[PDB]
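Protein chains in written order, with the deposited numbering: chain U, 7 to 159; chain X, 371 to 422; chain d, 1 to 257; chain D, 39 to 70; chain e, 1 to 9, 40 to 70; chain Z, 261 to 290; chain V, 18 to 497; chain C, 11 to 58.
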Amino acid sequence: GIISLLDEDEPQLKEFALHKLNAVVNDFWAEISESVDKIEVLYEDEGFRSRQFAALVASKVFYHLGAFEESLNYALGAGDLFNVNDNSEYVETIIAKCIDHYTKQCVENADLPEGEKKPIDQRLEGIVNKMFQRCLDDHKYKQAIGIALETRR
Amino acid sequence: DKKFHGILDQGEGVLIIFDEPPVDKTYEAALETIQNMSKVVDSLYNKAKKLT
Amino acid sequence: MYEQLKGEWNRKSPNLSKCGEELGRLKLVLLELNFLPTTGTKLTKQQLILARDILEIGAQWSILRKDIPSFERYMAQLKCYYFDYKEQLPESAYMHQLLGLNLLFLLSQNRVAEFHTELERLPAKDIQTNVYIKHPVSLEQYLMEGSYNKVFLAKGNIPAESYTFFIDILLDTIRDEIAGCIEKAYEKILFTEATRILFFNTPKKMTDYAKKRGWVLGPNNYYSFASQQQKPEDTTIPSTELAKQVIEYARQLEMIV
Amino acid sequence: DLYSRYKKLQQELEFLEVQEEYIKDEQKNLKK
Amino acid sequence: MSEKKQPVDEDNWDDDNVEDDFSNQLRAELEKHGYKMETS
Amino acid sequence: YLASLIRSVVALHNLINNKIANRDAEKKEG
Amino acid sequence: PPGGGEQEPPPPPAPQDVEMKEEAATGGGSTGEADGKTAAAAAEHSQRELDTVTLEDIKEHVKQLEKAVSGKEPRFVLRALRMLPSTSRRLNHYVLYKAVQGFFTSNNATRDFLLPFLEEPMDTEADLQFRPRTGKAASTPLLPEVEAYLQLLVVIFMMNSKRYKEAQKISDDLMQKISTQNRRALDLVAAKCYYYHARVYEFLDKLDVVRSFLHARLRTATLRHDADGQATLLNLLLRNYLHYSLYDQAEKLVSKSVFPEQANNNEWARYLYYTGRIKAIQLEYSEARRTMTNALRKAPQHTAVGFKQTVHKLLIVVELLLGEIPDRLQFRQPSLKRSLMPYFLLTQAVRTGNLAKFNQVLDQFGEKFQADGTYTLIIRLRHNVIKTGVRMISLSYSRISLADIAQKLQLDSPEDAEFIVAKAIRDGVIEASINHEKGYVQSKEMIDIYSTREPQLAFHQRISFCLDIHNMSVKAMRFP
Amino acid sequence: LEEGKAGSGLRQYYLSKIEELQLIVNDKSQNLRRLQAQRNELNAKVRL
């Protein structure tokens, strides 16, 4: 019944709330399904300092529900706190999906060929070359050329 | 005796005749399911032989 | 340490100002221990027991103020306290009927699936004891009757407590069901005979029903005319869907083919 | 190496994809 | 099988439904059928 | 009813004869 | 002493024959099956592995004790060793111990001796290829070991066995991941082992954290690699979640998916049993009656033993609440009859129209219902008993007096006589028209619409089912 | 590499999932090619 605690006006309880979510989210992934509609309030509020992290728990609960593109949507406006974590499983799934989206968008962009271009968010394209620097740092040479084949750019 | 169809009344002294002759359309289906019994029963022998 | 907390519980509150101050006082505890998941050292849940008492009276003040979202919030907190992963806690004198407040409210909302899954925690214990829970389950027994009258005999005597605010809602939600369930379908019902169920003496509720129903108002009697009602045949209306069902049925024959 | 085979394994996907149209059309004309 | 869950824990039946109806109702019955004669 | 009558018969001859001709014919080859 | 002394030698070599060649031919066959084909899976020796686990689980398990073959626990867990060309000499060492046990007495080392034994696959360094062969060679003594139930000091060795299995699970997640095929043979084992997790945890403490681990595994199967595993994980979830309140009801709707394909066969139907009780808590019978019936018709052939009978115990519950119930002694089993005697008297008094007859059964036989937790129906079934009585009296009497009907059904008062009928009309129970003056109740018999609507609705199920039989026959017919 | 050695696990998973899906579609193609072999045999009997 921790969902009803989101009715409190002070955001200082909201930071503690998300701190409970991400810890018990493995078993309580289903417990956030009906609260999604209350998460919309925290994400859509600009005066809410934790919206950046609100999109993380939203993207996780959509990972449980089997939502892919819908988790990408919060992935974008989730801020720096989202792409700062390279640990464990959730980081590779989202960049595989985001680069799939990105590379089909880029095969489309090269077919314009120029003019009336689609808007390309700086976050979705910045994690591309940003995480490509991992292939330059680890010196792994087979993946380094693969990404450049994917974006077609 | 079934040679005559109808219904009487002791109080009012009224006999009323009513008839709906044909029974054929049900005989159609009834005599079918009755034999299909032994149909399925005969299938159990093959289904039992293939499995064991 | 910390407090003063329960000092405002015995005296309760004259208005909602002290109640709001009690929530502002509990906000500090919610900043320190939060709500969970502190196992301990279970002595750290002692002040959580002292918080359970003021949350129980926080739902008594949430129904006292009539506010619906506050009541369900505080009830989520209490229910999670008896649902805490450590089942060893001091026995609460309100543990019994605090489930019946949300149960009777839930019944005012007409929730069939949540009712039965509410009692799933202790099925054998709710039957043998807890009279406070034995009144809503007897109310359900009487709701399959339905009642109507048997509940009106049980609505005079309830311990209760705090069920006054809920049995008024139960009142209205039954009274409109007198009007809905009397017809269809009854041929007629005499005047004073329906006045025996509406109670009062010559209420304006039966005049408002003469509007809402409509339906008929007859002299010293009443009528379901006309007729019983609307007279469905339905003649050629079902022949459309009778052809339509065969359309897709033949399609299934063609899918074999 | 890794991306090489990554682009090598949708070939037979599309080849057998048009093979479905192949078999499906041919049996229909073969019935006639 | 015995895998998984299970290690954790004409005919006469159609008429035997009616016989169950006879078991809990009006006994069989002879004696009562013979006792109802002299009652009235 | 006649439909469902013969539907089971088609499944009868087909499944019985085929499953026999499947496993019992393959067991002699390998 | 001479008689028993000469009867001790014969038994031990019987397993030492079969059990020696059993997982050597099955495990050693699956060793070459795991290198290639590997289609699907299949790995038909995985099905043979179900048969072998169930083979020892009757006779002879592992041990005991017995002071004879208890040395097989360290034997098979030793000597990988190490690479395949080096394993020939070790396969011969397994046979040298046969002459050691034939000459001198056999050595027994278990309990505290199992701690270095279970760590010897990690000491050999290493197998090194097959984690499932090491998981099987380590579990095969451990799985029937639970049958000891000594509960003292060897259960923490079962916890150490879950820890060693978690080491093999880190090796299961890190290694392969591309055409794994070890996961698909290991998902049967992750299944059985997780069920043994809950089995062991039932004898000590329910697992709150192991469900965090289980759900990590659960959600992490989708989408990367799930074959047969997650269908079992969802049933692990549901199994203790059905016994432990709450919310788990609507948890399934967000999990599905379905999850297809249904596996393994009957293993999916039992899932329909668990969710059948769940969906019964929402009081919807039409959805509950089909999921219950499918469970029984989808499960062959038994034995064993009593759980296939219990699923039928709860099968007819939803049908009893429906109001239409077949007589249940057609499914009567000599082992089942003795168990449902009180229950059978329950349904016996339920189908009757006497209300007092029904209230007596709860008083005398409620003590058995406490153990089944089946009181959830006993409150809501009364509605069905009164509806049954009124249905009977409706069709069986043209015109009935409301005051005189209360004495037969022990309705006790005139006022509720109007109430039962009011809701009867509201739910479409009876079409009769009632006049309140005295009052009286008259009823009328209408028909001829009848076979217009009802048979075509059935035909929609009949024909669709027959063409489905045609599709399922064509599917298995085209394989040759 | 994290890009990478474990991100190519999803990447090459597309190879194994396409080959598994295609093994189902290829089983559906094999069992259907038996049809064409048989119907071509039936066309061969009228020529025989």
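A virtual CB, placed ideally from N, CA and C, is assigned to each residue, including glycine.
Selected residue, minimal CA-CA separation from residue i, among the options
i	options	result
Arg200(V)	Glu183(V), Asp243(V) and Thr237(V)	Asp243(V)
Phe120(V)	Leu82(V), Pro30(V), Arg107(V) and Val79(V)	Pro30(V)
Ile63(d)	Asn149(d), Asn102(d), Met144(d) and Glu183(d)	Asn102(d)
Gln97(d)	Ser108(d), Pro159(d) and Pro90(d)	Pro159(d)
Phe134(V)	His110(V), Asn177(V) and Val112(V)	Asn177(V)
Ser92(d)	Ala226(d), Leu107(d) and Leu78(d)	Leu78(d)
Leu332(V)	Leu289(V), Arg216(V) and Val117(V)	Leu289(V)
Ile395(V)	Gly21(V), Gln326(V), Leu113(V) and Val335(V)	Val335(V)
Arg236(V)	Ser41(U), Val67(U), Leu19(U) and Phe59(U)	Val67(U)
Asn124(V)	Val94(V), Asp144(V) and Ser87(V)	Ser87(V)
Any C-beta of chain C under 7 Å from that of residue i
i	result
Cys112(U)	no
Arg128(V)	no
Min CB distance residue i to chain V below 7 Å
i	result
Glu59(e)	no
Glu91(d)	no
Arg121(d)	yes
Three-state class that DSSP yields for residue i in the structure shown
i	result
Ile386(X)	strand
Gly218(d)	strand
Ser62(d)	helix
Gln459(V)	strand
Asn36(C)	helix
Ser224(d)	coil
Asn282(Z)	helix
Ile126(U)	coil
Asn452(V)	strand
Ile237(d)	helix
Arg470(V)	helix
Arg416(V)	strand
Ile377(X)	strand
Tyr302(V)	helix
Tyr186(d)	strand
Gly22(V)	helix
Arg256(V)	helix
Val35(V)	helix
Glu32(d)	helix
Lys4(e)	coil
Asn281(V)	coil
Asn124(V)	coil
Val275(V)	coil
Contact with chain U by residue i, beta-carbon distance below 7 Å
i	result
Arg73(d)	yes
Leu51(D)	no
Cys80(d)	yes
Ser229(V)	yes
Integer Cβ distance of residue i from residue j, believed to fall under 8 Å
i	j	result
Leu255(V)	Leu231(V)	Wrong, their Cβ atoms sit about 12 Å apart, outside the cutoff.
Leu363(V)	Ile403(V)	Not confirmed; about 17 Å, so no contact.
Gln128(U)	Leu87(U)	With a Cβ gap of about 16 Å, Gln128(U) and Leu87(U) do not count as contacting.
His477(V)	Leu190(d)	Not a contact, Cβ separation roughly 47 Å.
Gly44(V)	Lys153(V)	6 Å
Short CB-CB distance (under 7 Å) between residue i and chain E
i	result
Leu11(C)	The structure shown contains no chain E; its protein chains are U, X, d, D, e, Z, V and C.
Neighbour flag for residue i against chain Z, beta carbons, 7 Å
i	result
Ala399(X)	yes
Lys420(X)	yes
Any chain D beta carbon closer than 7 Å to residue i
i	result
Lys148(U)	yes
- Message: Which residues of the region 377-407 of chain V have a Cβ closer than 7 Å to any Cβ of chain d? Give them in chain order.
- Response: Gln387, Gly390, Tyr392, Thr393, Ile396, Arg399 and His400
- Which residues, in order along the region 269-283 of chain Z, keep a beta-carbon less than 7 Å from a beta-carbon of chain X? Correct list: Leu272, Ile276, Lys279 and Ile280.
- Query: Of the residues that make up the region 140-157 of chain d, which ones have a beta carbon closer than 8 Å to any beta carbon in chain U?
  - Reply: none
- If contact means a Cβ-Cβ distance below 9 Å, which residues of the region 41-69 of chain D contact chain C? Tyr41, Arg43, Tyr44, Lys46, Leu47, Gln48, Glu50, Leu51, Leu54, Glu55, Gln57, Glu58, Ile61, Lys62, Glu64, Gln65, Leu68 and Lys69
- Message: Closer than 9 Å between beta carbons: that is the criterion. Which residues of the region 118-147 of chain U meet it against chain D?
- Response: none
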